[PDB]
Structure formats: C-alpha cells, structure tokens
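Descriptive analysis of the structure
So the chains spell out like this:
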4 protein chains.
Amino acid sequence: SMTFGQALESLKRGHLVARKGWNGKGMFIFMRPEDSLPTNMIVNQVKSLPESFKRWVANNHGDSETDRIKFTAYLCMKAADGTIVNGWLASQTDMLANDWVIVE
Amino acid sequence: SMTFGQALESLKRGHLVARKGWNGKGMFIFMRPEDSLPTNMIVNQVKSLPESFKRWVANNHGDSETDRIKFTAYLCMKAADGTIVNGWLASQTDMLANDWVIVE
Amino acid sequence: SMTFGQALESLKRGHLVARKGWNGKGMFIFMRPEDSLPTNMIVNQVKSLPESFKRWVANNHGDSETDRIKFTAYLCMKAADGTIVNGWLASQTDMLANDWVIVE
Amino acid sequence: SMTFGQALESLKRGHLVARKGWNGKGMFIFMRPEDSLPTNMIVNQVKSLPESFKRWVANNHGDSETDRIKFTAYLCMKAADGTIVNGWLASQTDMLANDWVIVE
Ligand SMILES: Nc1nc2c(ncn2[C@@H]2O[C@@H]3COP(=O)(O)O[C@H]4[C@@H](O)[C@H](n5cnc6c(N)ncnc65)O[C@@H]4COP(=O)(O)O[C@H]3[C@H]2O)c(=O)[nH]1
Ligand SMILES: Nc1nc2c(ncn2[C@@H]2O[C@@H]3COP(=O)(O)O[C@H]4[C@@H](O)[C@H](n5cnc6c(N)ncnc65)O[C@@H]4COP(=O)(O)O[C@H]3[C@H]2O)c(=O)[nH]1
C-alpha cells in the first residue's frame, strides 16, 4: 500500500514497517537512532567494537572527553528466525516496490 | 533537496538524480527499466549473460512454448570517472538523507 | 560449503552459486560481465536505457570521437518466482556466511 | 592487493581493512561483533533501540531472563568525514575489486 519512501519516513519516526510478503515469515525493519559518543567512552567502555578500532581511536583522538564521534542511524531487520540483523539492505525489489505497510 | 523516497519516485519517472553531499562531482543515478525476454533469445541472442545461466535456461525451458523471463528494473550510477555502475546500492546514509536533487 | 569470498571467485569465473538455505526456493546468483559501448550505440540503439540518460550521454560525448562508455560487471539473482533480479546485493548475513555452494 | 574475500576473512579476525581505489581519503571498514542479549535488558536497559521494538519484544517474550535475542555481526565504515557509518554495504565494485589492503 505504501512506497519505500513512505516506509522510510515512517521508520525515521520510530515505527516498524514491512512488505506484505514478509508477513508470512513475520519479518520487519526498524531504525536504530544516531548517537554521538565521547572518545574516552569508545576506548574504555564500549564492548561492541573490535580492539583494533578502539586502538585507532586512541592513536588519533587519544582518550579526550571533549572529542566526540558520530555513529550513524541505520536500519535493522527482525528476521524470520527471531534474530536481529543489524545493517539491513534494501534490494532493488525493495526500493522500487509499493507493497510496504506499517507493522507498528 | 528531497528525500530518498522522492528521488526514487523521480527515478521511476525516468529522471537522473544525485546527492549534493556526494563527494564525487558529476555523479548521478538512473533507473534501467524492466524487460521480459523470450527464452530462445536469452539462450542464443543475448551476449550479456554467462554461459552457465544460458545453459540453465535451456535445460529448464528448451527455447520453446513462448516462455519469457522477466529481468527486473534496477538503479545504476554514472560514477565520477564516467563509468556506468550497474546495480547501484543505497547506503544507510543515502537511504536516510534528504539532500537529493534532480539532475535531469 | 564456501565463504562469500570463495563464492565471489567462483562468480568471477562464470559459475552459479547459492547459499544452502536458498535450495528449497531454488535461488542462485551469477555475474553479468562488464562491457564498453560506443556512445552512438547507446544514444541510438540501446532499448534498456531511459531517455534522459541517452541525452546526457549525447551532450557529454557528442555521439562522435568513438567514445566508449564502460558498463561494470554486476551480480544478478534468479529468484524464487523465476524472474531475474538485476543488481543483487549481498546482506551482512550473506557476506559473513560460509554456507555458499556452487550450483553450476 | 587482496580480494574482497580475503579482506572479509581479515574483518572476521577483527582487523581494519580498506581499498586503495576509494575516492575519499583515510577511510576503512571494520566488523562489529555478534552478541546475544537477554530480553529484559533489551526492554528495560538498551538506549539505542526504538520504543516500538522494545514494545514488540515485551509483547512476544514477556520480560523474561534467559530469553535471549541474537544481534548479528555487521560491517561499519570509518568514513572520510570521521563519522562511523553503521551497516556499511559493499557495492558491486567493492565486491568484485582486488585492491584491498589491511590498514591494521
Ligand atoms: N546510537 C548508537 N549508540 C551506540 C552505538 N555503539 C555504541 N553505542 C552506545 O554505547 C553504549 C555502550 O555500548 P556497548 O557496546 O558497550 O554495550 C551495548 C552492547 O553490548 C549491547 N548492544 C545493543 N545493541 C547491540 C547490537 N546491535 N549488537 C551488539 N550489541 C548490542 O547492549 C549494550 C547496551 O546498549 P546501549 O544501546 O544501551 O548503549 C550503547 C550505546 O548507547 C551505535 O552504533 N549507535
Ligand atoms: N530491460 C532489460 N533488457 C535486457 C536485459 N538483458 C538483456 N536485455 C535485452 O536483450 C537485448 C540484447 O542484449 P545483449 O546483451 O545481446 O546486447 C546488449 C548489450 O551487449 C549492450 N549493453 C547494454 N547495456 C549493457 C550492460 N549494462 N552491460 C553489458 N552490455 C550492455 O547493448 C546491447 C543492446 O541492449 P538493448 O537494451 O538494446 O537490448 C537488449 C535488451 O533489450 C536486462 O537485464 N534488462
């Protein structure tokens, strides 16, 4: 019923959207919000970054409280098997389709 | 400036679109339309398909019975260096951006 | 069972590959090869390009000087419903999986 | 000068990798690891998920511990302007390229 752009505008407001085909398998997508993080937190606290990246941040920014790093918003899918797929991609099919709806 | 949804609606209409934010200059994206091709043509006439795929089509359809295979519409990018990138992908930043403009 | 990297090398040599889960649906992916096209052919002959792009090519190459425009190689998918999806894109799951198989 | 497949195996080991060909300067990609999270932490503690998804999880899992939800590994890009792009996806050019180098 909706185009992919309308779904995108619904995602940016924090809603869960889906294509009609996905309903049988119960899949939906949602947006994880952008955030800005201080470099000291990235180096010393964040669990979910590989050590090499944290070392790079220390090499360049050097554990400053003032220095901040932007982490972009992105799309995630609640896939059929229940797991959360971070970094969801729109296929050509998905982009050009008009069977998008809002789950919640 | 438009949303990616509005850029997509332009693309479906035949328009060339780009993002001001894109680092490269002169880069734009366009949509190539959908076409249904007869199986005999796919196996014999088409030179842009690999031999394994053509063999598969021949095994399945036998170049007979007026069988036709749809090839879907897809986005493509005229990149900075003049090459045409078939099958352009929208990055999270692209999908969520609102600095899209029509180029033609 | 192969990694996505091995799947890719097999794609570059013209093979049909798939993930094991895809088998029930019958899906597979393959590479369409790259090719350079003369701009007069693009402007005057190619059916699968939109008018605006043909005009851009005319205005920027002149349909003269034997200018050749490259069209990159790219992946496509034979999808569940039989149609050929141009411009297949790998999910995060696809890229990081090691359940890839050669189909042909 | 490595394949995307070799870059991917380096990314699985936690390294930072990149392409010489990329237009912007100083960019690289890295993998954020897979994690499994108890549903009560997802509902009551995680700040970076929309409230609609927290609601969905609570309605389906009832705020129970030892009910866990997997969050997949995924690729991220340290972009040219210093922001981290969550959910980086490979373009046809990136996948089929052989100019990959280990940054760290
Ligand atoms: N918006 C945003 N915030 C982020 C990002 N990366 C880290 N953060 C912030 O840093 C906090 C600490 O991260 P952590 O990796 O040390 O522990 C995180 C992480 O271990 C886990 N988690 C949440 N989503 C995850 C995910 N998608 N993959 C793996 N782990 C995840 O839950 C913990 C608490 O999440 P949270 O969102 O409330 O707080 C994050 C979050 O607020 C990010 O990429 N985007
Ligand atoms: N809409 C559509 N039509 C297709 C597709 N694949 C093949 N076709 C049709 O079959 C014709 C012959 O394909 P070819 O490979 O033998 O020669 C093609 C091909 O060799 C070349 N060409 C155009 N775009 C190309 C490209 N992106 N990559 C490689 N070659 C390309 O131009 C020729 C003529 O294109 P066309 O659009 O006028 O006719 C196509 C086209 O109408 C397709 O994926 N989508």
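Residues numbered from 1 in each chain as written, not as in the entry; some residues may be left out. Chains lettered and ligands numbered in written order. Heavy atoms only, no water.

Structure determination for this PDB entry is given in the record as X-ray crystallography, at a resolution of 2.11 Å.

1. Examining the overall build of chain A
Stated precisely, the cut-off is as follows: Numbering of helices and strands runs from the N terminus, with a helix taken as a DSSP run of H or I at least four residues long and a strand as a DSSP run of E at least two residues long. With the radius of gyration taken over C-alpha atoms, the globule rule is written as 2.2 Å times the number of residues to the power 0.38. Using a 1.4 Å probe on the protein chains alone, a residue whose accessible area is under 20% of its type maximum counts as buried, one over 50% counts as exposed, and one in between counts as partly exposed. In what follows, a contact means two residues having at least one pair of non-hydrogen atoms within 4.5 Å. All accessibility values rest on the Shrake-Rupley procedure with a 1.4 Å probe; residue burial counts only the protein chains present in the view. Here the positive residues are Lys and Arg and the negative ones are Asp and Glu; neither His nor the chain ends is included. One atom stands in for each charge, and that atom is NZ of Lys, CZ of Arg, CG of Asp or CD of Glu.
Of regular secondary structure, chain A possesses five helices and seven strands. N-terminal to C-terminal, the α/β element order of chain A is α-β-α-β-β-α-α-β-β-β-α-β. Taking 13 Å as the expected radius of gyration for a compact globule of 104 residues, we find that chain A reaches 17 Å, considerably beyond that expectation. Its C-alpha atoms give chain A principal-axis dimensions of about 50 × 25 × 25 Å. Looking at the 104 residues of chain A, the share that counts as buried comes to 55%. A separation threshold of at least 6 residues defines the contact pool for chain A, and within that pool the share at least 24 residues apart is 62%. Accessible area for chain A stands at about 4,500 Å²; split by element, carbon and sulfur atoms hold 47% of it. In chain A, which carries 12 positive and 11 negative side-chain charges, the distance between the mean positions of the two groups comes to 5 Å.

2. Focus: the site of ligand 2
Condition: Throughout this document, a residue counts as near a molecule or strand when at least one of its heavy atoms sits within 4 Å of that molecule or strand. Under the rule applied, a polar contact is a pair of N or O atoms within 3.5 Å (in protein, one hydrogen donor and one hydrogen acceptor; residues adjacent in sequence only if both atoms are side-chain atoms). For this classification, the nonpolar set comprises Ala, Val, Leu, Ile, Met, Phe, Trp, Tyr, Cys and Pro, the charged set comprises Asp, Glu, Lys and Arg, and every other residue, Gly included, is treated as polar.
Neighbouring ligand 2 are 22 residues; B:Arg32, B:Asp35, C:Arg32, C:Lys47 and C:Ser48 lie closest to it. Bordering ligand 2 are residues originating from chains B and C. With respect to ligand 2, the backbone of B:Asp35 contributes an N or O atom lying 3.5 Å from a nitrogen atom. In this structure, an oxygen atom belonging to ligand 2 sits 2.8 Å away from a side-chain N or O atom of B:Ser48. When isolated, ligand 2 has an accessible area of 760 Å², and the protein chains bury 86% of it. Every element with two or more residues in the shell around ligand 2 is listed here: β3 (35–38) and α2 (39–45) of chain B together with β3 (35–38) of chain C. Class assignment for the residues of the shell around ligand 2 results in nine nonpolar, six polar and seven charged.

3. Here's the deal with the site of ligand 1
As a structural note, the neighbourhood of ligand 1 is formed by 22 residues, with A:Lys47, A:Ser48, D:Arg32, D:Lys47 and D:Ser48 the closest of them. Neighbouring residues of ligand 1 are not confined to a single chain but are spread across chains A and D. At 2.9 Å, a backbone N or O of A:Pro33 approaches a nitrogen atom of ligand 1. In the complex, 88% of the free accessible area of ligand 1, which totals 760 Å², lies under the protein chains.

4. Concerning the relation of the copies chain A and chain C
For clarity, the threshold we go by: Copies are aligned with a least-squares fit on their C-alpha atoms.
Mapping chain A onto chain C is achieved by rotating through 180° and translating by 0.0 Å along the same axis, at an RMSD of 0.6 Å. Taken together, the turn and the small shift mark the pair as related by a two-fold rotation axis. In terms of C-alpha distance to the rotation axis, chain A has A:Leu89 as its closest residue, with the C-alpha 3.8 Å off the axis. A share of 100% of the interface residues of chain A reappears at the interface of chain C, consistent with the copies meeting face to face through the same patch.

5. Notes on the UniProt feature "binding site: 3',3'-c-di-GMP" (unreviewed entry) in chain A
Inclusion rule: UniProt positions are given in the numbering used here, feature names are shortened, and annotations may be inferred rather than shown by experiment.
Taking the UniProt record as the reference, the feature "binding site: 3',3'-c-di-GMP" (unreviewed entry) is found at A:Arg32, A:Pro33, A:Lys47, A:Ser48 and A:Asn86. According to the relative accessible area criterion, A:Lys47 is exposed, its value standing at 75%. Relative to the assigned elements, A:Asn86 resides in strand β6 (residues 84–86). Leaving out residues up to four positions away in the same chain, A:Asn86 has contacts with A:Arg32, A:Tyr74, A:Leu75, A:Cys76, C:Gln92, D:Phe71, D:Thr72 and D:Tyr74. Of note is the side chain of A:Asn86, whose polar atom sits 3.4 Å from the side chain of A:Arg32.

6. Brief notes about the pattern of salt bridges
All names here are of chain A. Rules: When a carboxyl oxygen of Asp or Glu lies within 4 Å of a side-chain nitrogen of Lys or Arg, that pair is called a salt bridge.
All chains considered together, the criterion is met by 17 salt bridges over all chains. With a shortest N-O distance of 3.1 Å, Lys12 and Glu9 are connected by a salt bridge. Residue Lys12 and its partner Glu9 are both found in helix α1 (residues 4–12); the two are separated by three residues, about one turn of the helix. We classify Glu9 as partly exposed; its relative accessible area is 33%. Linked through salt bridges whose partners overlap, the residues forming this network are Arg19, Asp94 and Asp99.

7. Here's the deal with helix α1 (residues 4–12) of chain C
Restricting attention to buried positions, one finds in α1(C) the residues C:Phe4, C:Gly5, C:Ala7, C:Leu8, C:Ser10 and C:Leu11. Directly beyond the C-terminal end of α1(C), a positive phi value near 95° is found at C:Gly14.

8. What about the interface of chain A and chain C?
Quick note on the threshold: Here the quantity called buried area is the accessible surface, traced with a 1.4 Å probe, that two parts lose on coming together, added over both.
Contacts between the two partners involve seven residues from chain A, matched on the other side by seven residues from chain C. Here chain A and chain C share an interface that buries about 470 Å² over both sides, 63% of which is from carbon and sulfur atoms. Counting the contacts that link chain A with chain C gives zero salt bridges. The interface formed by chain A and chain C includes two residue pairs in polar contact. Where the side of chain A that touches chain C is concerned, the elements lending two or more residues are β6 and α5 (92–95) of chain A. The residue inventory of the side of chain A that touches chain C, partitioned by class, reads three nonpolar, four polar and no charged.

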